[PDB]
There are 2 protein chains.
Amino acid sequence: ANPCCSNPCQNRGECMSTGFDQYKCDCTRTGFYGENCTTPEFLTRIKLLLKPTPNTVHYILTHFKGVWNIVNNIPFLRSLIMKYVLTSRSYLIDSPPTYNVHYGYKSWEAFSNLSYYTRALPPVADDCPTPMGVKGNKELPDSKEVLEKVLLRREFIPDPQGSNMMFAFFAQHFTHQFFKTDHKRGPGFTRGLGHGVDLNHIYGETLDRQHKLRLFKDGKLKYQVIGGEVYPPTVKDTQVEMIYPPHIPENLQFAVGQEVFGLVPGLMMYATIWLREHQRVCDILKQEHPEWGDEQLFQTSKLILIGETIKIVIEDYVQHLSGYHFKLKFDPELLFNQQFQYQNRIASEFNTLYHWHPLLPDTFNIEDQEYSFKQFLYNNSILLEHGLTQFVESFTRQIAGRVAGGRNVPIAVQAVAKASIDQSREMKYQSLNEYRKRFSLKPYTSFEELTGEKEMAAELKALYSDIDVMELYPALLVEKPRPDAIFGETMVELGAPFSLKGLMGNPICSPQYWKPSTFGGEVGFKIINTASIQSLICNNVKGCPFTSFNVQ
Amino acid sequence: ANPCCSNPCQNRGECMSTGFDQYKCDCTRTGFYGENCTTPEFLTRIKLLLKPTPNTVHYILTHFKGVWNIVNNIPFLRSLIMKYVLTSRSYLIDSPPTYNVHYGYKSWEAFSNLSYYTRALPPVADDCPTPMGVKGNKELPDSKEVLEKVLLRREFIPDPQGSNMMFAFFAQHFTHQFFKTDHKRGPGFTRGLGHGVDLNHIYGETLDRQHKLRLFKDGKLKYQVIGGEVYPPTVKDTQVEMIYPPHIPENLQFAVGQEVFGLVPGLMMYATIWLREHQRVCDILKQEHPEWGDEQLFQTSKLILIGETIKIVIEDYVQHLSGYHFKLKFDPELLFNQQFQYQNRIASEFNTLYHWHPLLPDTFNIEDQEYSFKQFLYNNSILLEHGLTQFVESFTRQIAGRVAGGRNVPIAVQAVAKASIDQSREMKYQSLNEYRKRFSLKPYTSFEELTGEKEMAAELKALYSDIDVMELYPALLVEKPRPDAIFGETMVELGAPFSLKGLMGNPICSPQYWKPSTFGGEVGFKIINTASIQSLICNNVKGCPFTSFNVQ
Ligand code: HEM
Ligand code: HEM
Ligand SMILES: COc1ccc2c(c1)c(CC(=O)O)c(C)n2C(=O)c1ccc(Cl)cc1
Ligand SMILES: COc1ccc2c(c1)c(CC(=O)O)c(C)n2C(=O)c1ccc(Cl)cc1
Ligand SMILES: *[C@@H]1O[C@H](CO)[C@@H](O)[C@H](O)[C@H]1NC(C)=O
Ligand SMILES: *[C@@H]1O[C@H](CO)[C@@H](O)[C@H](O)[C@H]1NC(C)=O
Ligand SMILES: *[C@@H]1O[C@H](CO)[C@@H](O)[C@H](O)[C@H]1NC(C)=O
Ligand SMILES: *[C@@H]1O[C@H](CO)[C@@H](O)[C@H](O)[C@H]1NC(C)=O
Ligand SMILES: *[C@@H]1O[C@H](CO)[C@@H](O)[C@H](O)[C@H]1NC(C)=O
Ligand SMILES: *[C@@H]1O[C@H](CO)[C@@H](O)[C@H](O)[C@H]1NC(C)=O
């Protein structure tokens, strides 16, 4: 019934029901006019007839290596380039936020209720003929049918980019501070009220929690020593509530900070390296401040790790994921003369996009022993067995699956992949094409166009019939990867904005915050500006097991 | 012991204890260098040798009327001027926030714990020799002694600017949505987690609360009709918890939204006009949207009233408070090309500055009857007695006391004034001079300089001895008012920043939010863009009792 059901408003304008069967588009600031914010302003024509497509640019970024290496050495240029990646990308997200699970309109509730994941595209009116608004049949293809026909893995397809397990697990750990669906309330509700890189997953979600995990001596988090090794303290000791299967013998029920990092040793590995990292900084800050006390050592340490995290995620993680010859840079200054909202709200779409289960191999091979999912799950003795160094070496050397491409979802976490399909549906999502449109991308004219082949393509067609009506999540996985890459234009184009805004839209990046003293001195500031996944490991694992997010 | 106790860091740099007896100043971006961020950069000299003092500008603003009127009619110019007031003012506050009651340093806690009032200047180290850091005696003058010697009122001094009661109570109502000290935790802790103009004082602090105050029919708030008049529903009906003296006969225990607006009829008056206003919009929005339902009529209505509020507060309230011949303007676009943080955190200092008890007369004269504080307090029958129209007429014509100047605090709310003194002290505040410095103002060289006379001046001197050591709150009230004005340079200079940032740093002002459709159409948008205290009353009081924030 909703006259807007048909998503009639183009080029970003807003749709509004001006009467029962009437609608109106608010093309304000869109750069277009007319009934559907379709006809461009003359200066808009100009821009259109000048914008290199994603692939064009993606080409030029991943090519011309020699040229690039020159650029990477002309600071000014690199700075100007990175500066431009931050602004354009970021300019794609709404800050302050608008819309959510329940709000198809702006509303003060939608805006302030921090218990929701924000939504880049409003949901679909509960009174719309078809799930995707108006197009398509009275229901979308059975989830199980899509799960099996185009998602599930047969032959393990490895990542053509080299992503090893250090990366797969870093991305599991890292994003899990912001994606924490509150299943008590339903999908669309988050338990991470910080909405960003606050390291809640190391220090705890709340004050009461963090104080249970602290030592209160030199700003250090509590820990224990097994072997001559440092490990997270137990739930029995700190008394923090963690999620662990009852059969776990205690003494292995680690505390850490995120109540779920005990269900997967890849997480507890990183849970332990950062715990190690925190302390390491404490001692450093104490060496500089004999006069500082616990809480200041702590609060400052928690600020340095946030910087490392952001540092590492931009120049190692994201760098690698891009495969660009251009050296990405974490420099909060790039935006000091730019208009930029140092705030952020994690969106549902980002959560979906970040469902990278295909990275998972069929066995977790930790030097000499290979493990079934079932054997690895919440089995911390494995961590205690080989112990970090031999865990880091194993994982540095072990490709992860290709995300995009097709049929790569481990049958193990298949309950998950289906769940994703199901939930996106319950959270009234819009078509992959609308989302494509939302991110200045050109829509797919065919399943055949989407996949880059016809086996699955036609296979999906049989299911979704009309390409438009194709769903966002599935499409991401069953999509033509750009060359020897792990993702396709959609996945990069939709996530990069969400990813840089949440990375750069953090208080420590604000001018008031971005200064030596904010971190304990030029010494602490450097700990941030010279962070790396190699150092992260080098300084916290037994020998300096060389690592990277690339399986060589 | 804290080597920073002496507030050694000038021109905004940060102080840091680099060793027990040593400190270091982080002059980053201050525009100065050297041990204390004292020596300016050459380009800083320039700026210094070109900045008209507050009074200079204040003069030129309040003078040259003829010139000004020309300006006010050259949009472009006015827009450019207003644009300049927003940016410069706003540029004075830290966003994101830094420091609070407990945090003398940046910390993630200080930043994220929304239960605190942020702090423009860090507190004083609990291990500092003297309350004001190092200067002064082991203690500040007994509060009771300052209260009485220079604060308390003898002869009611009226406001030389004309502030009547509509203004005094509008300011009581208005700021009371953001200042809501959580006395359960202590001064420095707020109960207004929205930190701004969210109209929490009309709709309720929480969802559970707002839903109790709602009618759930056409987006309207619940109400009742006494006489042929609309009034807030009762606590017995809605079941919302309000603070009322037990002797109140129920039936007069109004609900409204802020749990304290029943203790003062001036508040309940405005509590009722906005309730009236909300509904009024609902009907308007239903007239445009036959298809809309409750929650949308509501959520949109609550968005229009926030706009009106911001509108009225800039062009009527603030306008008047300034006495500038230049017409202040509410135009969210002024900042669309500017760098601006559409966020905010209410600071303690703003709460203090906003302690305008001196506006209160000695009796509340509501046409034909005059009331003692004791008689007026939580006496709603008075409202039901004369009823709005004759309440608006009375209040439009009844001056309020002068804030600045000296000795104007009603002996009634004297417990309050002392309380302020006492609390600012417990919240480890800094000297009035430090604050003066903080806002680019030149410090007072003498109590004599402060007051603009010597009776009190010397009187204060006997108490504080060293001018620096003089406290912020007292000084605000016992300060030479600029000409025929209600405040003096300190009060304007410290609050205008806090005030414009919280007004302009609101989501509805952000580009995504500032558009016709955000409010239900070009009709709803106008309800905002043509708001006024006169219309607020005109459209919601029996006859259009003419009003203004000026007693003619
Ligand atoms: C041992 C490895 C892993 C296991 C067993 C695993 C398992 C799961 C499971 C059971 C869910 C819950 C789905 C539901 O109930 O609806 C989930 C969610 C998720 N997983 Fe994984 N996962 C693993 C690795 C990863 C990796 C490497 C990534 C990379 C980004 C990832 C990203 C996600 C995301 C973003 C969610 C949603 C989080 C939320 O909204 O709560 N997972 N995973
Ligand atoms: C009938 C008139 C008024 C009465 C009886 C009154 C009474 C009070 C009282 C009892 C307090 C609490 C102090 C404490 O316990 O520490 C207070 C706080 C305050 N009042 Fe008023 N007041 C009135 C009018 C005003 C006006 C017109 C203003 C104008 C701005 C004002 C501004 C404030 C502020 C900003 C606070 C602090 C609020 C907070 O932090 O919770 N008051 N007032
Ligand atoms: C292959 O090329 C890539 C891949 C990923 C990228 C980027 C470029 C860029 C930068 C750029 O594209 O210019 C950013 C910011 N990426 C992300 O961090 C990211 C993270 C998660 C998701 Cl789901 C999507 C994107
Ligand atoms: C006499 O001249 C004034 C007085 C008050 C003013 C302003 C100008 C301006 C604008 C300007 O000065 O340009 C703003 C924004 N004012 C406030 O609303 C305000 C409110 C409360 C406090 Cl505590 C302090 C200031
Ligand atoms: C807008 O779209 C509708 C159908 O979606 C169509 O009838 C109408 O002509 C279009 N108008 C413009 C200006 O695009
Ligand atoms: C957020 O919204 C949902 C539904 O409106 C509500 O149940 C929940 O309590 C709200 N959360 C907060 C913190 O207000
Ligand atoms: C904020 O701080 C106070 C005192 O430190 C604490 O009691 C309260 O729980 C904190 N709130 C949050 C949300 O952490
Ligand atoms: C956990 O892994 C260890 C080492 O590979 C193994 O001995 C143990 O059987 C596993 N635990 C379970 C419950 O299978
Ligand atoms: C800074 O202040 C200290 C004492 O507070 C003094 O010794 C030093 O000379 C000052 N320097 C400047 C440039 O103000
Ligand atoms: C409150 O006002 C009413 C009506 O004017 C009056 O009857 C009553 O005496 C007042 N209450 C007190 C305690 O004075």
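Going by Swiss-Prot, the residues shown for chain B are 18-569, listed in order.
Note: Cβ is positioned from N, Cα and C throughout, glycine not excepted.
Pulled from Swiss-Prot, these are the features on record:
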type: DISULFID; residues: B:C21-B:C32; note: disulfide bond
type: DISULFID; residues: B:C22-B:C145; note: disulfide bond
type: DISULFID; residues: B:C26-B:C42; note: disulfide bond
type: DISULFID; residues: B:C44-B:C54; note: disulfide bond
type: CARBOHYD; residues: B:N53; note: N-linked glycosylation site
type: BINDING; residues: B:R106, B:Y341; note: substrate binding site
type: CARBOHYD; residues: B:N130; note: N-linked glycosylation site
type: ACT_SITE; residues: B:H193; note: active site, proton acceptor
type: ACT_SITE; residues: B:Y371; note: active site, for cyclooxygenase activity
type: CARBOHYD; residues: B:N396; note: N-linked glycosylation site
type: SITE; residues: B:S516; note: site 'Aspirin-acetylated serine'
type: DISULFID; residues: B:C555-B:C561; note: disulfide bond
type: MOD_RES; residues: B:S565; note: O-acetylserine
Restricting to the chain of B:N396 (N-linked glycosylation site) and a gap of 6 or more, list residues whose Cβ falls under 8 Å of its Cβ, or answer none.
B:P282, B:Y388
Spatial separation of B:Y341 (substrate binding site) from B:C32 (disulfide bond) - C-alpha basis, Å:
38
Provide the three-state secondary structure of B:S516 (site 'Aspirin-acetylated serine') computed with DSSP.
helix
Within 10 Å of the Cβ of B:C145 (disulfide bond), how many other Cβ atoms can you find? Include all protein chains, please.
18
Nearest-integer angstrom distance between the alpha carbons (Cα) of the residue listed as 'active site, proton acceptor' and B:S516 (site 'Aspirin-acetylated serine'):
14
Restricting the comparison to the recorded positions B:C21, B:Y341, B:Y371, B:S516, which residue's C-alpha is spatially nearest the C-alpha of B:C561 (disulfide bond)?
B:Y341
Within the set B:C21, B:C32, B:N53, B:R106, B:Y341, B:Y371, which recorded positions show a CB-to-ligand 9 distance under 6 A?
B:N53
Suppose we draw a 10 Å sphere around the Cβ of the residue listed as 'active site, for cyclooxygenase activity'. How many other Cβ atoms does it contain, all chains included?
20
Under 6 Å from ligand 4 by C-beta, which of these recorded positions make it: B:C44, B:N130, B:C145, B:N396, B:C561? Sequence order, please.
none
Taking a cut-off of under 6 Å between Cβ and any atom of ligand 2, tell me which of the recorded positions B:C42, B:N53, B:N130, B:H193, B:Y341 pass.
none
Relative to the Cβ position of B:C54 (disulfide bond), how many further Cβ atoms are located within 10 Å?
22
Around the C-beta of B:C21 (disulfide bond), how many further C-beta atoms are within 10 angstroms, looking at every protein chain?
21
Sorry to bug you, but what's the C-alpha spacing from B:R106 (substrate binding site) to B:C21 (disulfide bond), rounded to the closest Å?
28
